[PDB]
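J.: Structure for the following, please:
(chains A and B, ligands or ions: 2)
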Amino acid sequence: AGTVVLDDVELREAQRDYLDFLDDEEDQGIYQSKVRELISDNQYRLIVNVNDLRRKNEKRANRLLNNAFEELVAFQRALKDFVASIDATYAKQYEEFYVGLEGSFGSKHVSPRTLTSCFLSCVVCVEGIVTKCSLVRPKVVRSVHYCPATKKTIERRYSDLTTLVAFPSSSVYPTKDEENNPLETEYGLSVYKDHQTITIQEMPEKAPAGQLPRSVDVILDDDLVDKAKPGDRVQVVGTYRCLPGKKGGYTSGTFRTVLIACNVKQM
Amino acid sequence: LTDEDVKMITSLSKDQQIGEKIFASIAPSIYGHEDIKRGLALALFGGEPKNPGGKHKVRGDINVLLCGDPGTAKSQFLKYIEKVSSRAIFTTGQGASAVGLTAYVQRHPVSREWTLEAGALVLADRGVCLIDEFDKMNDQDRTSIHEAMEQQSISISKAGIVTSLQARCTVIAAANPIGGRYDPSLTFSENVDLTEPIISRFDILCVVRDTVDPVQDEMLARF
Ligand SMILES: Nc1ncnc2c1ncn2[C@@H]1O[C@H](COP(=O)(O)OP(=O)(O)OP(=O)(O)O)[C@@H](O)[C@H]1O
Ligand SMILES: [Mg+2]
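T.: Numbering: from 1, shown residues only, chains lettered A, B, ... in the order given. Ligands and ions are numbered 1, 2, ... in the order given. Coordinates below:
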């Protein structure tokens, strides 16, 4: 196998605090009601008000804003646990429950121009207009293969290494068995996730007059892919990160940045 | 560069006929047109710019406009001023000039370099712009020349360049009258084919009329 963490104090504390916040039953059950509503509506993305989160635990709010990936993963674990506690079958139906953010971001609320490298790995709420969109493509998150020669059925999993170090091993699609038996993929059994890329440009009525406009690339995934079309004045709340380059040998030190959207809103 | 030069030019100035000497020395290859040569001498030597406080700018440039029927050496006058004056740039109302009146920003054809090509009005910031065929200019050229003459500045708002760069040139223009023959029956404004605001910014307006005068024709043919 490999390294497996046992006592991650920070992760345990984050999960405990997020589950305490999501309990909400004594705190007039606002997020309890929201979780129940999403359960009924058959949704798997909870939108959390950062203002309420800060009011409950300013420490957790700051940690989430300044450390996006870790705290979002902890929040999603807590949300999945809460969803299982309220209703186990739905939790088992949906593998991962996502968390998007909303509310008043003191300094993190920026535009494509003011969005600088100081916000990398942070939660940023960027306003703008969608200059272009891409076709919704499916990325395989879990492929299933069947071997006619041996009747075996294997299942490979691919992790979401969009903004993480990725190696050729993780992104190799099996095409033979260990004995060189051709495989056949079971598309129906396989798990795909819809993925789209949009471009957010600073609103012309907001951009400094006479200058060229500033843009940013945004990545949308399952349940957020088709939330906008070109010309939409959208607010994208997401995590700003550097996209890994291809395996090189010489690096120029230049890193394309992108916004992994965790929530999209229209006017 | 002027040591014995500066020694002798003072004596030439004290000569006491230096004004007439200069007026006769302008355009030695052009016969007659003493008034035009005198105006060109005054334009070449220029005036004195001033600005009460920093709020009442007044130009010190003597603008000249030679409006004349064909065969009157307006082009030769402009070319001589190009040859003599330092920082003298020749542009034409047509599109067949190396430079143009209006400034743009583009990648240069030869240098392949993204360059802010300022106009022929700016390439003579402290010199002379010789605008031939002044009556045959585009709308953008007319607006650019209006801006330069009235403001002595050129404003670009093109790609991301929002700038205002100074063009304090002296404009010597050549033009033809409506119909190709100046008619004194009508006034200069309605003879020249130019807007009144454009005309107003000219200090000297040389009406180069052509008439069939025996002696003048004989002397010009001799020359
Ligand atoms: N006063 C003059 N003395 C000597 N040569 C002259 C005189 N006027 C015209 N010429 C000569 O006659 C010809 C006509 O001159 P030029 O080509 O400059 O005309 P122009 O005034 O520019 O005409 P247009 O406005 O029609 O273009 C040229 O060869 C020029 O050298
Ligand atoms: Mg001419």
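J.: Could I get the full set of helices for chain B?
T.: In chain B, the helices defined using DSSP state H lie at B:4-14, B:18-25, B:34-45, B:74-84, B:139-151, B:188-192, B:196-200, B:214-222.
J.: Make TSV out of the ones you listed and add distance to residue B:178 and mean neighbour count.
T.: (C-beta placed from N, C-alpha, C; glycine too.) What follows is the helices of chain B, written out as TSV (distance: least, C-beta to C-beta, whole Å; neighbours: other C-beta atoms under 10 Å in any protein chain shown):
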stretch	distance to residue B:178	mean neighbour count
helix B:4-14	43	9
helix B:18-25	31	14
helix B:34-45	21	18
helix B:74-84	16	19
helix B:139-151	16	18
helix B:188-192	6	17
helix B:196-200	13	13
helix B:214-222	25	10
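J.: residues contacting the closest residue to ligand 1 within chain A?
T.: In chain A, no residue comes nearer to ligand 1 than residue A:210, which is 40.4 Å away by C-beta to the nearest ligand atom. Residue A:210 makes contact with B:157, B:160, B:162, according to C-beta atoms under 8 Å, 6 or more residues apart in numbering or on different chains.
J.: count of residues packed around the second one?
T.: One way to gauge burial is a neighbour count; for residue B:160, by other C-beta atoms under 10 Å in any protein chain shown, it gives 11.
J.: distance of it from ligand 1?
T.: Distance of residue B:160 to ligand 1, given as C-beta to the nearest ligand atom, to the nearest Å: 41 Å.
J.: Which phi and psi values does residue A:137 adopt?
T.: Main-chain torsions, residue A:137, degrees, to the nearest 10: phi -100, psi 150.
J.: elements contacting the strand or helix carrying residue A:37?
T.: Here residue A:37, judged by DSSP states H and E, is contained in helix A:30-41. Helix A:30-41 is packed against helix A:9-23, strand A:45-49, helix A:68-86, with contacts defined by 3 or more C-beta pairs under 8 Å, 6 or more residues apart in numbering or on different chains; DSSP states H and E.
J.: How about the shortest one, which residues are buried there?
T.: In terms of neighbour count (16 or more other C-beta atoms under 10 Å in any protein chain shown), strand A:45-49 has its buried residues at A:45, A:46, A:47, A:48.
J.: What ranges does chain A have for its strands?
T.: A:45-49, A:98-102, A:109-110, A:123-133, A:137-147, A:152-157, A:184-185, A:191-201, A:215-221, A:233-242, A:257-265 (DSSP state E).
J.: okay if I get those strands as CSV plus distance to chain B?
T.: Listed next are these as CSV, based on distance: least, C-beta to the nearest C-beta, whole Å:
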stretch, distance to chain B
strand A:45-49, 37
strand A:98-102, 34
strand A:109-110, 20
strand A:123-133, 17
strand A:137-147, 34
strand A:152-157, 47
strand A:184-185, 50
strand A:191-201, 14
strand A:215-221, 14
strand A:233-242, 23
strand A:257-265, 21
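J.: For those, give me JSON lines that also has distance to ligand 2.
T.: Shown next, in JSON lines, are the strands of chain A (distance: least, C-beta to the ion, whole Å):
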{"stretch": "strand A:45-49", "distance to ligand 2": "75"}
{"stretch": "strand A:98-102", "distance to ligand 2": "72"}
{"stretch": "strand A:109-110", "distance to ligand 2": "60"}
{"stretch": "strand A:123-133", "distance to ligand 2": "51"}
{"stretch": "strand A:137-147", "distance to ligand 2": "66"}
{"stretch": "strand A:152-157", "distance to ligand 2": "82"}
{"stretch": "strand A:184-185", "distance to ligand 2": "80"}
{"stretch": "strand A:191-201", "distance to ligand 2": "51"}
{"stretch": "strand A:215-221", "distance to ligand 2": "51"}
{"stretch": "strand A:233-242", "distance to ligand 2": "57"}
{"stretch": "strand A:257-265", "distance to ligand 2": "59"}
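J.: follow-up on the earlier one: now for the helices of chain B, which one comes closest to residue A:243?
T.: helix B:139-151 (44.0 Å; C-beta to C-beta).
J.: Report the distance from that closest one to the chain centre.
T.: 14 Å (C-alpha atoms, centre = their mean, to the nearest Å).
J.: And that helix, what does it pack against?
T.: strand B:153-157, strand B:170-175, helix B:196-200.
J.: Quick one: closest of the ones you listed to residue B:24.
T.: Among those, if distance is taken as C-beta to C-beta, the winner is strand B:170-175, at 19.1 Å.
J.: which ones are touching the closest residue to residue A:232 other than its chain neighbours?
T.: Nearest residue to residue A:232, sequence neighbours excluded (C-beta to C-beta, 6 or more residues apart in numbering or on different chains): residue A:130, at 4.6 Å. Neighbouring residues of residue A:130 by C-beta under 8 Å, 6+ apart: A:198, A:199, A:200, A:201, A:228, A:229, A:230, A:231, A:232, A:234.
J.: how far away is the nearest residue to the third one once chain neighbours are set aside from residue A:115?
T.: Read it as residue A:200. Distances taken as C-beta to C-beta, 6+ apart place residue A:128 nearest to residue A:200, at 3.7 Å, with adjacent residues excluded. Taking C-beta to C-beta, to the nearest Å as the measure, residue A:128 falls 10 Å from residue A:115.
J.: pretty sure residue A:159 is in contact with residue A:171, am I right?
T.: No: here residue A:159 lies out of contact with residue A:171, judged by C-beta atoms under 8 Å, at a distance of 9.6 Å.
J.: Now for the most centrally placed residue in chain B: which residues touch it?
T.: Geometric centre of chain B, nearest residue: residue B:172, 1.2 Å, by C-alpha atoms, centre = their mean. Counting by C-beta under 8 Å, 6+ apart, residue B:172 touches B:40, B:43, B:63-66, B:77-78, B:81, B:128-131.
J.: for the residue of chain B found nearest ligand 2, what are its contacts?
T.: In chain B, the residue that lies nearest ligand 2 is residue B:75 (3.3 Å; C-beta to the ion). By C-beta under 8 Å, 6+ apart, residue B:75 lies in contact with B:132, B:174.
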